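Below, in structure tokens: the form deposited in one PDB entry, a single chain.
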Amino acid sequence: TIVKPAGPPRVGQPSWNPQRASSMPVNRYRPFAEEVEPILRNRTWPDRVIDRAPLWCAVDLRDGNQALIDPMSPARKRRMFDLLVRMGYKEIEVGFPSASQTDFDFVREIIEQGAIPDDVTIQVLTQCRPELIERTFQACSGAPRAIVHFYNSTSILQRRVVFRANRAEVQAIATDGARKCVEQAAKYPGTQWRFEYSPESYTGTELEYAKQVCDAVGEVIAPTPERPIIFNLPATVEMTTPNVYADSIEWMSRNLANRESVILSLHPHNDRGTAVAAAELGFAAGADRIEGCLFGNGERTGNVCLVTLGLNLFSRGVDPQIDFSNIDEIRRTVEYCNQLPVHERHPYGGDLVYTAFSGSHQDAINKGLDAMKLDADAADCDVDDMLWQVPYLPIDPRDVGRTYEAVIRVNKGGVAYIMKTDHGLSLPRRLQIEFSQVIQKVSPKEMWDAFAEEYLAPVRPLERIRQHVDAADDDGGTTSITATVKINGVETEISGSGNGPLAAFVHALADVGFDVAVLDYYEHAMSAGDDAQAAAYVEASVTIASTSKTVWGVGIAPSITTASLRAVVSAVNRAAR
């Protein structure tokens, strides 16, 4: 159970701090400087602001995949690979094919099926045993180019307790691997081979030893500015604060031999919740490249989140060179592949991150939005192309395909739930959002009364009295409609044709100055039985004669056909409100 800390305060603890010593076994843990080494008074990274995208490398198919409760099926691997290509990643670690037969099979498939674009380089992980390196080259046979990423653990702790080995011995593991790579590359001249070396558990390794091993590997590989080597420096375990990782990167960047022939790569994990920070400060410290995963998947606490890194650049005016314009599509694909949810509060992608619940936040957002519109109007400009200036929202949610949501509480609650339970309507999410904004400007009765005044009651400018639907009998035929409607109270007769009743009615309305451009449509039964009422919902960008507004309409009727027509009328009248 939880025991309130009751030990004495620290000597010198201020009297305004009444905290007490816990009984947690702090004696079993040491500061980083004592655990590993003291690490740079003339650092420059604190004075550098990132002004370009790094070279990204996506490791979802390897570090991500091996961290899953359910590793990816062949379909899932391919869907993830295709997503990363489409987003614009050019280096993608496709697996560990020498250690994993399913990974071997996957690398063969993408090579043999021509799934790899000419500007994409696949990367494959291997440990250093020579038979594993041979299997690695074999997996990539026929690729036009590939990165062979080999590694071994170099940390003080692993050298002692895992290897029981001296510095020379652990270095030879790496340099023997490098020699084997050079030998294998010569055997496969139809592939442009490139190399990446990681001193694994780098953050548990003396910098001078990490440098010595990388330098020695480079001597074997013999890279040049035209054919560089990647030295990848992982926080295999995140051990300390990100400024210390950044100092370590700046030291490596300054001190590694033949720096002009090196692409310096970062591989941070998230044990202390600071991976994103480690990557950003590390990149400012001189790194060239960052490995991570979409939405921070990967071993234990995960690899650094590539989404957060990329949009942290976008939102400060730096092009990440990756497309995040539909973050929900990225999220849904990632959740399908990984079978792990993106958290409600995850930066940029989480369900709740574009929501405002506080009245004062909602008011300030509205004011920001209004002021942007006023400035756009004066500059004869599209508000969506102008400087984003809205309190509480770091980005326009529309720039990643999301929507600002002003959430209104119902005093189990919530608009969606009450509407379904009390009134039998399942509102599409975008309707819930639009309606809540209306409510914003509540008891169940107030919410219902507001819903009916908005969507169900209006009879101006458009009322639909009755209609004759002439549907062709054969599949693929035309449906035509003549409708009796009142336009601002004036009875008239409209006619249109289309591929169904909704299309026909939309076309009939166009002739009388309601342009209804349909964006979406949903319908459901409000109970069981073939004689149930149907509730229909239509989303439309609507322009009325004598600018366009995207709005929803709702229609309810015993005929599935008529319910959809009522939803169109509802939408038109909502656009006039």
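Rigid core here is just the name for the largest C-alpha set that superposes within 1.5 Å across the two forms. All residue numbers are counted from 1 along the displayed sequence.
What comes next is about the form deposited in another entry, which does not appear here.
Which residue, chosen from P97, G204, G349, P501, moves its CA by 2 Å or more between this form and the one not shown under a rigid core superposition? Correct option: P501.
Taking the rigid core as reference, does the Cα of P31 move 2 Å or more between this form and the one not shown? Moves: no, less than 2 Å.
Taking the rigid core as reference, does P558 move its C-alpha 2 Å or further between this form and the one not shown? Indeed, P558 is displaced by 2 Å or more.
Once the core is aligned, please say if the CA of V49 is shifted by at least 2 angstroms between this form and the one not shown. Where the cores coincide, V49 shows only a C-alpha shift between this form and the one not shown that is less than 2 Å.
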